[PDB]
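In: just dropping in an experimental structure and the matching sequence.
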Amino acid sequence: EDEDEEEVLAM
Amino acid sequence: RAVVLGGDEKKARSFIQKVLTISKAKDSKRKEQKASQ
Amino acid sequence: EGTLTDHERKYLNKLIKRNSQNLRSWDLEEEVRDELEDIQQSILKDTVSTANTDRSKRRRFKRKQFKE
Amino acid sequence: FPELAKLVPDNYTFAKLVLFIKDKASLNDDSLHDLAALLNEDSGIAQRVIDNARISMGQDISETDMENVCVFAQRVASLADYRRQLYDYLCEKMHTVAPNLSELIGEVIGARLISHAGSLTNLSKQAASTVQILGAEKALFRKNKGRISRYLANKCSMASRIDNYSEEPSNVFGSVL
Amino acid sequence: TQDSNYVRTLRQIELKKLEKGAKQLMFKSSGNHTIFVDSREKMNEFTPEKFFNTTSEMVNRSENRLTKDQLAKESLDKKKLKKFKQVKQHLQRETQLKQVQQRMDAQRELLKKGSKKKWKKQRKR
Amino acid sequence: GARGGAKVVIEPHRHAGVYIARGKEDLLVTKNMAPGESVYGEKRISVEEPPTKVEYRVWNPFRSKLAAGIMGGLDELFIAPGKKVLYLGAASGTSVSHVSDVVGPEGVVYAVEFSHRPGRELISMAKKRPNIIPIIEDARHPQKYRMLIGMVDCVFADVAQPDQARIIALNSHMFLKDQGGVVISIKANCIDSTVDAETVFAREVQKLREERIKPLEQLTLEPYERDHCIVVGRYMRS
Amino acid sequence: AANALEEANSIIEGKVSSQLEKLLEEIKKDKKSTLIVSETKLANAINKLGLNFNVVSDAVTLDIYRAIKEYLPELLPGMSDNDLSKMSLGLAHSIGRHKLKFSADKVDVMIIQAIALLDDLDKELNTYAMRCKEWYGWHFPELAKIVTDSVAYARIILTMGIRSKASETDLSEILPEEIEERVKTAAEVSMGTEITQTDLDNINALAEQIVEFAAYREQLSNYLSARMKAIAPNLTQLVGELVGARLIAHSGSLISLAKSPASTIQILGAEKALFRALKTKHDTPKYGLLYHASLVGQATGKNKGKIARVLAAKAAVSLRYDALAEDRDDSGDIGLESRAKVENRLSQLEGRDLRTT
RNA sequence: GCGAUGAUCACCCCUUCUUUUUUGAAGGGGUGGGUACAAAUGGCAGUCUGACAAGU
């Protein structure tokens, strides 16, 4: 599922 | 799907991607050696 | 008793320099406080707001005054 | 009566004193002697509690609440008495089952070592080195210090075998050991 | 791709996180100070060194202006620049999360059943 | 910032009973009279001393108006260890408990408050502190609680009432010692919002002067709080 | 202190107390004496007593009082300053409690400890029951499978100590007819080994703790029941005793729960599903801790969710009545009327038939 | 007056003067880690949505 996930607003 | 993750999740989420890449390269190379034989 | 001699008034004065010199390290540099102060104001102005309180003071004064 | 909680730090003493001093309002000279008989006045608490009970700020609790406290406090009294009775039972049983082991080290420590092993038979079967490591968590047997521990460990292994495989073990070998 | 519930919770993380982050931070005082004295001769002879009993360096530092009698790292401060901006980044995120919730909010009222001539006036029964 | 595992250096403030925690960040800090518990969820610092473990409490300028004064750099504070203190307007233990640490075990704090609901919070906090004597009374009528209060070395009033000066006036005559201390927190909005802040502060100073109170300094609380000033005064009965 | 509080209140009310009164007639012998009183109100009241005193209460007299109370510890021999502070400290709280209308029967901190105590006892009692089961099970391992209840099990050891007693010992009062004969049959074909009287004495002592504690656990339950009916009555009639205490304990205080919206009350106890659901876009819980209320139990199917929303709303109404009331009657009337409304709500939802007839 | 009933085997706190002269003189504590227990109003950690629904 981590592939399906996408990360944003990174810090 | 867009999500925001904490530092602990992020430092981990790199690693499973790391391990999976190593396994794929390990698997692919073994396939090639047997294929050459 | 205020019986300090000239020699004694120098030893303590040296201690003023010694302790004051020590506290300077924890006082941090002048270059850092520049951006710290700049960052410091930004975070106040959003949490403290003051767009309405300042505005509200003017409105009361204007309404308060006679209009001719 | 919060101030009393400080005065007699021996915790078992509170349950008895609270059982007597149910209400801090009740303060009599005869009561002072009674609570003075409880424990000793050398600490001076007997005068302090009468004074403190007079000058205190704890909010008065309902009679039902106090009934819970003394009954609940009475419960703590029973377990401690039963625990003391059970402790003596362990001592007597431990002497009967493994007199050598008990005499060498002690009843409570010996009883622990059996529990670590899981059974007296298990302890006897086990080699000398591991028996030292069996009690290495609670410091049961505890550079010169380590030597005594190891030396005592073998002798503790020595005693266990005698007790396990003897129908009626005696304490003669444990003593010389 | 994200719903009203997911965005709402996130902003609630950062508002509380921002609240804690600001609390640990100190903040130099900017209030104004006045001293009341007796006489005009006492005015002209006044100086901060005498009244506070401090040296010139410590007069500037109002937070901890130790009496003179009492007196008798780039990486470290760089990490301080990290700490202050760290709170700033949360502040930026919180308003950013606020905007999406507002946009997510608005679409739901548009989807809401109504007259919508701008809403025409119709006492919902 | 001052996370749980952070290590800090603690050294005393210029004022007795007030301390600062060096390290990375500087925090104004006071000893804890009741170690092991936080009245209002603040952060606590603990230090090993020969070894007994002494605890310390973080102290927020934004919550206590007196705390913002310390950051402001108040010259003189009559609040100090071993002094009786009369705190008017003790809404809760957010500040009184921290006054209680400064005075220490020898000193005492007399907390005065009107509203019943904040009083419940004040009384509960007083249970953890023996040096705090709470007084659920109206500050406008000090005669009601003359029974419970002795002389006080310093009078602190954060009451946000238009007639706070009169409230300060009555208690100071009854309770404050000659050559004693008085520290007032002033909110212009509650007294007179129409006129600018400075006139209200100038107005209040005149009221204290009429009451044989000599002002020593005045200090606003920006950026911690807006349109406020702490007036430090002395009571000269003569 | 009770006397001291009464005298203190009389001062505050400006009324002359008996202790004040009697202490004055002792001085009535002195003809034409001036009395200085700190307050005019007390000064006026004392004038009405008819005593032969010229009572004066003036601003100048404050100077006299100021010096007196400054040097009071020295003025009063035999009483130290520390004692005087302790005198004042205790009296203030009693005065503060009195003005606050504090009552020993309306303190919510009692409940949160009682429910916490009840849980601790339950965990406590399982463990010793297990100890009894496998310690005594050595002597008779078959009882655990037959009788499962710990308290009933323990009483078996008390009535019969050794399996030989099973032949003559009667277990009717502990166990029904069909079960009691099973243990009798097992006794003769049992597996455990004989135990000494010394062993029997101590296992009996353990059993005595099992049976006694269960009694106290029952008393604590009844004790907990009374408090809520006095502290938060209207909640008890609506949601019940066991659930209501948990709600108060979950928030940590009655006022904290009173300030929470009804939606939070509905899901107060399933947050883990809630915050897991919210962050993963899955359906959120709809019962929380309120699932164990009687009314929710009566409902069925989707109606449980509907009743949960309605009951949570009415639970807040009853709760907020209990918490913020200055002069609440300990009757629970608002709880009763709200209960009827939910029951009326339940009846019509339950009356509704999804299937078309 | 030994022993197989068992010996042996983490960190830190040359200079000056001088000489019948190749001669003489002087200069325990703190850190770290492991085991079990108790407390924290310390952290993860943020309390679902909100006007329609049921009948002829």
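Out: Great, that's in hand. Numbers count the residues shown, from 1 in each chain, chains lettered A, B, ... in the order given.
In: what does chain E put close to chain F?
Out: With the criterion set to Cβ under 8 Å from any Cβ of the partner chain, chain E comes near chain F through E:21, E:23-36, E:51-52, E:61-67, E:70, E:76, E:79-80, E:83. All C-beta spots, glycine's among them, are computed from the backbone N, C-alpha and C.
In: now the helix or strand encompassing residue C:39: buried residues?
Out: Using DSSP states H and E, residue C:39 sits within helix C:30-48. For helix C:30-48, the neighbour count (16 or more other Cβ atoms under 10 Å in any protein chain shown) marks C:32, C:36, C:39-40, C:43-44 as buried.
In: format those as CSV; extra columns: distance to residue C:65.
Out: Formatted as CSV, the buried residues of helix C:30-48 follow (distance: Cβ to Cβ, whole Å):
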residue, distance to residue C:65
C:32, 47
C:36, 42
C:39, 40
C:40, 37
C:43, 36
C:44, 31
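In: center of chain E - which residue?
Out: Nearest to the centroid of the C-alpha atoms of chain E, with distances taken as Cα atoms, centre = their mean, sits residue E:22, at 6.5 Å.
In: and the helix or strand harbouring that residue, anywhere near chain A?
Out: Per DSSP H and E, residue E:22 falls inside helix E:4-24. No: using Cβ under 8 Å from any Cβ, helix E:4-24 stays clear of chain A, with a minimum separation of 8.7 Å.
In: ok, residues contacting the helix or strand that that helix is followed by?
Out: Downstream of helix E:4-24, the first helix or strand assigned by DSSP H and E is strand E:33-35. Contact partners of strand E:33-35, identified using Cβ atoms under 8 Å, 6 or more residues apart in numbering or on different chains, comprise E:46, E:51, E:62, F:72-73, F:75, F:216-219.
In: check which residues of strand E:33-35 are buried.
Out: residue E:33.
In: that strand: partners in the sheet, and parallel or antiparallel?
Out: strand F:213-220 (antiparallel) (DSSP bridges).
In: near chain E, which residues of chain B? Just list them.
Out: Residues of chain B lying close to chain E by Cβ under 8 Å from any Cβ are B:1-4.
In: in a strand, residue F:135, correct?
Out: Yes: according to DSSP: H, G, I helix; E, B strand; the rest coil, residue F:135 belongs to a strand.
In: please pick the buried ones from the residues of chain E next to chain F.
Out: Using 16+ other Cβ under 10 Å, the buried ones in these are E:21, E:23-27, E:29-31, E:33, E:52, E:62-66, E:80, E:83.
In: point me to the residue of chain F nearest chain A.
Out: residue F:1 (16.2 Å; Cβ to the nearest Cβ).
In: keeping just the C-alphas, turn stretch G:15-35 into CSV.
Out: Below are the C-alpha coordinates for stretch G:15-35, written out as CSV (Å, rounded to 0.1, in the frame of the first residue of the first chain):
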residue,chain,number,x,y,z
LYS,G,15,-23.5,39.2,64.2
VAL,G,16,-22.6,39.0,67.9
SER,G,17,-21.7,35.4,68.9
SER,G,18,-22.3,33.8,72.3
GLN,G,19,-18.6,33.4,72.8
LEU,G,20,-18.2,37.1,72.0
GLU,G,21,-21.2,37.8,74.2
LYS,G,22,-20.1,35.9,77.4
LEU,G,23,-16.6,37.3,77.1
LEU,G,24,-18.1,40.8,77.4
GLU,G,25,-20.4,40.5,80.4
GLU,G,26,-17.2,39.5,82.4
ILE,G,27,-16.1,43.1,81.8
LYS,G,28,-19.5,44.7,82.3
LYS,G,29,-18.4,45.5,85.9
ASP,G,30,-16.4,48.4,84.5
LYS,G,31,-18.8,51.3,84.3
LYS,G,32,-18.7,53.7,81.3
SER,G,33,-16.0,52.1,79.2
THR,G,34,-15.2,52.8,75.6
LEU,G,35,-15.1,49.8,73.3
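In: can you list the buried residues in that stretch?
Out: Neighbour counts over stretch G:15-35 (16+ other Cβ under 10 Å) mark G:16-17, G:20, G:35 as buried.
In: who are the packing partners of the helix holding residue C:39?
Out: Other elements packing on helix C:30-48 under the criterion 3 or more Cβ pairs under 8 Å, 6 or more residues apart in numbering or on different chains; DSSP states H and E are helix E:4-24, helix E:74-111.
In: for residue F:80, the count of nearby residues, please.
Out: By other Cβ atoms under 10 Å in any protein chain shown, 19 other residues sit near residue F:80.
In: pretty sure it is touching residue F:18, no?
Out: No: using Cβ atoms under 8 Å, residue F:80 makes no contact with residue F:18, being 9.1 Å away.
In: common neighbours of those two, please.
Out: residue F:102.
In: so which residue is smack in the middle of chain C?
Out: Nearest to the mean C-alpha position of chain C, by Cα atoms, centre = their mean, lies residue C:37 at 10.3 Å.
In: what about it, distance to chain D?
Out: Distance from residue C:37 to chain D, counting by Cβ to the nearest Cβ, to the nearest Å: 49 Å.
In: grab the nearest non-local neighbour of that residue.
Out: The shortest distance from residue C:37 to any non-neighbouring residue, by Cβ to Cβ, 6 or more residues apart in numbering or on different chains, is to residue E:28 (7.3 Å).
In: pretty sure the one you found contacts residue E:63?
Out: Yes: the criterion here is Cβ under 8 Å, and residue E:28 meets it with residue E:63 at 6.8 Å.
In: what do these two both touch?
Out: Common neighbours of residue E:28 and residue E:63, counting by Cβ under 8 Å, 6+ apart, are residue F:71.
In: burial check on residue F:148, number of neighbours?
Out: Around residue F:148 there are 19 residues (other Cβ under 10 Å).
In: that one in helix, strand or coil?
Out: coil.
In: doesn't residue F:134 make contact with it?
Out: No: applying Cβ under 8 Å, one finds residue F:148 not in contact with residue F:134, separated by 9.7 Å.
In: next one: stretch G:275-284 to chain centre, how far?
Out: 35 Å (Cα atoms, centre = their mean, to the nearest Å).
In: can you give me the helices for the stretch 251-357 of chain G?
Out: Along the stretch 251-357 of chain G, the stretches classed as helices by DSSP state H, counting those that start in this stretch are G:254-258, G:262-266, G:271-279, G:294-298, G:303-323, G:333-351.
In: comparing those helices, which comes out most buried?
Out: With neighbours taken as mean count of other Cβ atoms under 10 Å in any protein chain shown, those reach their highest mean count in helix G:303-323, at a mean of 21.
In: so which elements touch that one?
Out: Applying 3+ Cβ pairs under 8 Å, 6+ apart, we find helix G:303-323 packed against helix G:233-238, helix G:254-258, helix G:262-266, helix G:294-298, helix G:333-351.
In: now those in TSV, with distance to chain E?
Out: Converted to TSV, the helices and strands packed on helix G:303-323 look like this (distance: least, Cβ to the nearest Cβ, whole Å):
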stretch	distance to chain E
helix G:233-238	28
helix G:254-258	17
helix G:262-266	13
helix G:294-298	24
helix G:333-351	20
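In: quick one: neighbours of residue E:20, just the number.
Out: 15.
In: what about it, distance to chain A?
Out: With distances taken as Cβ to the nearest Cβ, residue E:20 is found 16 Å from chain A.
In: assign residue D:141 to helix, strand or coil.
Out: coil.
In: what's the closest non-adjacent residue to it?
Out: residue D:149 (4.5 Å).
In: secondary structure element holding that neighbour?
Out: helix D:144-164.
In: centre of the chain to the helix or strand that that helix is followed by, how far?
Out: Next helix or strand after helix D:144-164 toward the C-terminus (DSSP H and E): helix D:172-176. Computed by Cα atoms, centre = their mean, the chain-centroid distance of helix D:172-176 equals 27 Å.
In: so what secondary structure elements neighbour helix D:172-176?
Out: helix D:99-104, helix D:144-164.
In: most tightly surrounded among the ones you listed?
Out: Highest mean neighbour count among the helices and strands packed on helix D:172-176 (mean count of other Cβ under 10 Å): helix D:99-104, with a mean of 24.
In: still on that earlier bit, now do the helix holding residue C:39 against helix E:4-24, angle only.
Out: Using axes from the mean of the first three to the mean of the last three Cα atoms, to 10 degrees, the inter-axis angle of helix C:30-48 relative to helix E:4-24 is 130 degrees.
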